[PDB]
(Lines of atoms letter the chains of each structure in order from A and count residues from 1; the text may use other names and numbers.)
(Lines give C-alpha, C1' and ligand atoms only; values in the text may rest on other atoms or scores of the structure.)
Protein backbone atom coordinates (compact mmCIF):
# COMPACT_ATOMS: atom_id res chain seq x y z
CA UNK A 1 0.00 0.00 0.00
CA UNK A 2 0.92 3.69 -0.07
CA UNK A 3 0.96 5.38 3.31
CA UNK A 4 0.89 9.16 3.68
CA UNK A 5 2.41 10.84 6.72
CA UNK A 6 -0.24 13.29 7.91
CA UNK A 7 -0.73 10.98 10.90
CA UNK A 8 1.69 8.50 12.50
CA UNK A 9 2.20 5.49 10.20
CA UNK A 10 0.82 3.01 12.71
CA UNK A 11 0.01 -0.45 11.40
CA UNK A 12 -1.04 -3.80 12.80
CA UNK A 13 1.64 -6.44 13.25
CA UNK A 14 1.36 -10.06 14.35
CA UNK A 15 3.96 -11.67 16.58
CA UNK A 16 3.62 -14.73 18.78
CA UNK A 17 0.05 -15.10 17.55
CA UNK A 18 -0.89 -11.70 18.96
CA UNK A 19 -1.84 -8.47 17.22
CA UNK A 20 -0.08 -5.24 18.21
CA UNK A 21 0.09 -1.68 16.87
CA UNK A 22 3.51 -0.58 15.64
CA UNK A 23 5.16 2.45 14.03
CA UNK A 24 6.76 2.13 10.57
CA UNK A 25 9.97 4.03 11.28
CA UNK A 26 12.45 4.77 8.49
CA UNK A 27 14.68 6.55 11.01
CA UNK A 28 15.06 3.42 13.13
CA UNK A 29 17.85 0.98 12.23
CA UNK A 30 16.28 -1.78 14.31
CA UNK A 31 12.88 -3.05 15.44
CA UNK A 32 12.04 -2.68 19.13
CA UNK A 33 8.86 -3.78 20.85
CA UNK A 34 7.42 -3.13 24.29
CA UNK A 35 8.03 -5.78 26.96
CA UNK A 36 6.73 -9.18 25.85
CA UNK A 37 7.72 -12.83 25.83
CA UNK A 38 9.69 -14.34 22.95
CA UNK A 39 11.19 -17.83 22.42
CA UNK A 40 14.84 -18.83 22.60
CA UNK A 41 17.88 -17.11 24.01
CA UNK A 42 18.52 -13.40 23.75
CA UNK A 43 21.65 -11.29 23.48
CA UNK A 44 22.37 -7.84 24.93
CA UNK A 45 22.14 -4.64 22.94
CA UNK A 46 22.23 -0.92 23.57
CA UNK A 47 20.23 1.26 21.20
CA UNK A 48 20.40 5.03 21.10
CA UNK A 49 17.67 7.53 20.39
CA UNK A 50 16.86 11.20 21.00
CA UNK A 51 17.15 11.13 24.79
CA UNK A 52 19.99 8.65 25.10
CA UNK A 53 20.42 4.87 25.13
CA UNK A 54 18.39 2.02 26.58
CA UNK A 55 19.25 -1.63 27.13
CA UNK A 56 17.13 -4.15 25.22
CA UNK A 57 16.94 -7.90 24.68
CA UNK A 58 17.83 -9.09 21.18
CA UNK A 59 15.99 -12.10 19.75
CA UNK A 60 16.99 -13.37 16.30
CA UNK A 61 15.04 -15.09 13.52
CA UNK A 62 11.66 -14.18 14.98
CA UNK A 63 8.52 -14.55 12.88
CA UNK A 64 6.60 -11.30 12.57
CA UNK A 65 3.86 -10.17 10.21
CA UNK A 66 3.61 -6.49 9.25
CA UNK A 67 0.43 -5.37 7.50
CA UNK A 68 0.02 -8.96 6.38
CA UNK A 69 3.56 -9.15 4.99
CA UNK A 70 5.56 -11.95 6.57
CA UNK A 71 9.09 -11.34 7.78
CA UNK A 72 11.59 -13.29 9.88
CA UNK A 73 14.28 -11.30 11.59
CA UNK A 74 15.74 -9.63 14.64
CA UNK A 75 13.34 -8.17 17.17
CA UNK A 76 14.49 -6.18 20.19
CA UNK A 77 12.43 -6.03 23.38
CA UNK A 78 12.70 -3.32 26.00
CA UNK A 79 11.35 -0.08 27.56
CA UNK A 80 10.51 1.66 24.30
CA UNK A 81 7.87 4.43 24.22
CA UNK A 82 6.07 2.67 21.36
CA UNK A 83 6.45 -0.45 19.20
CA UNK A 84 8.83 0.47 16.39
CA UNK A 85 9.35 -1.35 13.09
CA UNK A 86 12.82 -0.46 11.85
CA UNK A 87 14.70 -0.76 8.58
CA UNK A 88 15.81 -4.33 9.29
CA UNK A 89 12.21 -5.39 8.71
CA UNK A 90 11.05 -2.57 6.44
CA UNK A 91 13.56 -3.87 3.88
CA UNK A 92 12.18 -7.40 4.23
CA UNK A 93 8.68 -6.28 3.26
CA UNK A 94 9.98 -4.19 0.35
CA UNK A 95 9.26 -0.77 1.83
CA UNK A 96 10.65 2.43 0.29
CA UNK A 97 10.23 6.19 0.63
CA UNK A 98 8.88 8.05 -2.40
CA UNK A 99 8.26 11.66 -3.39
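Numbering follows the first chain given and starts at 1.
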item: Between the two ranges 48-56 and 22-30, the one averaging a larger CA B factor in the entry; value: 48-56
item: Ranked against its chain, the third holding the CA B-factor of residue 72; value: lowest
item: Among modelled residues of the same chain, the CA temperature factor third for residue 78; value: middle
item: Modelled-residue ranking by C-alpha temperature factor, third containing residue 17; value: highest
